[PDB]
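Below is one structure, written out as structure tokens; comments come after it.
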Amino acid sequence: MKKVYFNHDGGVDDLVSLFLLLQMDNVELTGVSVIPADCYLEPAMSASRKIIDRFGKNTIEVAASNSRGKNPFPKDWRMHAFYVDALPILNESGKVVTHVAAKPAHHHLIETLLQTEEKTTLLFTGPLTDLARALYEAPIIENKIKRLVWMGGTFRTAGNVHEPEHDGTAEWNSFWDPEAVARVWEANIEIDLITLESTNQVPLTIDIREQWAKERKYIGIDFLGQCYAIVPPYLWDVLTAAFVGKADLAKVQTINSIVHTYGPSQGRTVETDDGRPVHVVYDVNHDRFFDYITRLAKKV
Amino acid sequence: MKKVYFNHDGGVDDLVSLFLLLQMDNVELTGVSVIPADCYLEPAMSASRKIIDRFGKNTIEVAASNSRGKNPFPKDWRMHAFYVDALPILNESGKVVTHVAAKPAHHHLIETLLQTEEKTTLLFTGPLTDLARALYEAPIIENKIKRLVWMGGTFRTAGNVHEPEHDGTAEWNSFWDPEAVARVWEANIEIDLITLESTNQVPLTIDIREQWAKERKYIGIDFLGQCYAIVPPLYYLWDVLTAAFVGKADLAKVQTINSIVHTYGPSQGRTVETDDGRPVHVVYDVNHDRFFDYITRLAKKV
Ligand SMILES: [Ca+2]
Ligand SMILES: [Ca+2]
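Line by line, the protein sequences give chains B and A.
Note that the first sequence covers residues 1 to 233, 244 to 310 in PDB author numbering.
Note that the second sequence covers residues 1 to 234, 243 to 310 in PDB author numbering.
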């Protein structure tokens, strides 16, 4: 049983991952928080609360970030939570029961970590700024962090950031706040990294969307399919979440690394023999991965 | 029983309209066709075919337009069909049975109208260019048109078109092809207009979305809700109201006004009331409760 604190930024994948983490027997979410990076805050807060009401177990709260980004995501990607938050499945109950936490995400994270006895695993599928902030303000939290699992970075020649001022070598979660990645990388914590590359072997395919639609009878599968209709014809965050729940889906190669913090290469992650250790996921088992998440969806 | 030929441009409310027409006991769809105006053609074609498969009755075909627009819709509005087409409810069967018609939409329209013995009601919820074109090639078709019900136009000082080269006075279905509107306007046909204003009394509201979500148990209500999630609160059901007026004329009133359309320059697509113009029957004073009760009744029939 792993105690997990989950900070996400409200894309379809972040929200799908919330849904799946809640079906893992092996995981207990101590807290959820939302950062307005790849989302607008209000729909992502709401959708998270409704998913926990609908598909959750214990009583938990969702905290809102008041972090601000250096390099904001494209407005069009950010809209997706409005759609998820509007799905009938998530509105059928006509009530939102799970509470917004009183404290902002970074303070919520601090308070949750320090109030849990056991060390907790941090799962971040958006930028790292709520964590950089928690560290800056209360670095004793190092002692409560088992490890950080983060969707971010790439060690290919080019990333997924194609934006003015940028050289095109960074990945989005890092580019959104390179200074936060730097701070996290100075902290004394173990870091498992799901990079852009890490997901090579599990592309979300039309044959996989169509197999899901065939099993729409399962309400969790129907829900998965409504979520991915919004981004129609890689599951970065889902893979990250799934690696927390089932480490054996993939392998990990320890590399030494730095993050660039300014100029046209800001956000870029670079392997250096001088840098700090980072355990980079590779070699995802296709069949096991997709069998795992459809198993989990069917538990509802 | 009304014979209806339906031309739509594959926005969310076009596709929702198709689904609801199909539940109306007093309507028999003789033909459906898709124009790539507020949609990309492929997802709109597929979505229409899958809707007819899952929720339709008799065997019909969907024709693809090869009409082109003068003033294209914004890209981001046009994507919405991709999402509806990808919804699991519509992909559960794993096959698409209803056929694409062999002819393009304007030709399809002509052949359908002339092959059906009684007159047919034309229902257009996108631009008018498949009809303009039908009329240009085969004006005999006036003889088979009971009337046109069209979502288009506005008689307010401003419309919903906010685009370069335009003065902001037109509505989108007219603006997409103003020449087509002019051609239809010159035809000897009766025209019922659902304008932008027509819908004032029936905003889609959060309270209505939520009340639909509560009855998700009905698969057609759940389907309606999925469709409207795509266009969520951050809205007026213009096309759905147009389609409902065909099924239940008694939901609204109509005022006959004489009208022209501007065809060129910064005011292109503008509809203007003139004592000299041609008669158009403009919908107003929609009964809120009956309208929304009607479409929720229709959704529950599946
Ligand atoms: Ca994310
Ligand atoms: Ca339309």
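Every residue, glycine too, gets a C-beta built ideally from N, C-alpha and C.
A residue is called buried when at least 16 other Cβ atoms come within 10 angstroms of its Cβ; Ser17 of chain B meets this threshold and is buried. Less than 8 Å separates the beta-carbon of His289 of chain B from that of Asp192 of chain B. Placement of the Cβ of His8 of chain A at a distance of less than 7 Å from at least one heavy atom of ligand 2 is found. Look at the segment 256-291 of chain B and you find these whole runs of beta strand (DSSP E), each 3 residues long or longer: 261-269 and 279-281.
In this structure, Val4 of chain A sits away from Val34 of chain A, with a CB-CB distance that is not shorter than 8 Å.
Fully enclosed alpha helix (DSSP H) runs of no fewer than 4 residues occupy 172-175, 178-186 and 206-214 of the segment 165-225 of chain B, in order along the chain.
Excluding the 5 residues flanking it on each side, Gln226 of chain B has same chain C-beta neighbours closer than 6 Å at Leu87, in chain order. Chain-ordered, the chain B residues with CB closer than 8 Å to the CB of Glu92 of chain A read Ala213, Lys214 and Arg216. Within the same chain, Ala252, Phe253, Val294, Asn295, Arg298, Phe299 and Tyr302 come within 7 Å of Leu259 of chain B by CB-CB distance, once the 5 residues on both sides are set aside.
Between ligand 1 and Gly285 of chain B, a heavy atom-to-CB distance of less than 7 Å is absent. For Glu28 of chain B, the three-state secondary structure derived from DSSP is strand. Assignment of beta-bridge partners to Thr120 of chain A by DSSP yields A:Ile145. Contact check for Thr112 of chain A against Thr30 of chain A passes: the beta carbons are separated by less than 8 Å.
With distances taken between CA atoms, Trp150 of chain B lies nearest to B:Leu196 out of B:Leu135, B:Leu196, B:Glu165 and B:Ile141. Using a 10 angstroms sphere on the CB of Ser198 of chain B, the tally of other CB atoms reaches 16 or more, which defines it as buried. Taken through DSSP and simplified to helix, strand or coil, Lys103 of chain B comes out as coil. Apart from the 5 residues on each side of it in sequence, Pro274 of chain A sits with its Cβ closer than 8 Å to the Cβ of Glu165, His166 and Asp167 in its chain, given in chain order.
Take the alpha-carbon of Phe6 of chain A and the one of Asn26 of chain B: they are about 53 Å apart. According to the DSSP assignment, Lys2 of chain B belongs to the beta strand (DSSP E) that extends over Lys2 to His8. Between the segment 129-148 of chain B and the segment 59-77 of chain B, the count of Cβ pairs shorter than 8 Å is three or higher; the stretches touch.
Comparing alpha carbon positions, the residue from B:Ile110, B:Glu117, B:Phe175 and B:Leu90 closest to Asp222 of chain B is B:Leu90. Taking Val269 of chain B as reference, the option from B:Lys261, B:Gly152, B:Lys256 and B:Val202 with the minimal CA-CA separation is B:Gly152. Judged by beta-carbon spacing, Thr169 of chain B lies within the 8 Å limit of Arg278 of chain B, meaning their Cβ atoms are closer than that value. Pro43 of chain A and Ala102 of chain A have their C-alpha atoms roughly 18 Å apart.
For the segment 78-107 of chain B, residues whose beta-carbon sits nearer than 9 Å to a beta-carbon of chain A comprise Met79, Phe82, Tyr83, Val84, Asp85, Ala86, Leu87, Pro88, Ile89, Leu90, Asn91, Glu92, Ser93 and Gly94. Contact check for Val310 of chain A and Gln23 of chain A: beta-carbon distance about 7 Å, within the 8 Å limit, so the pair qualifies.
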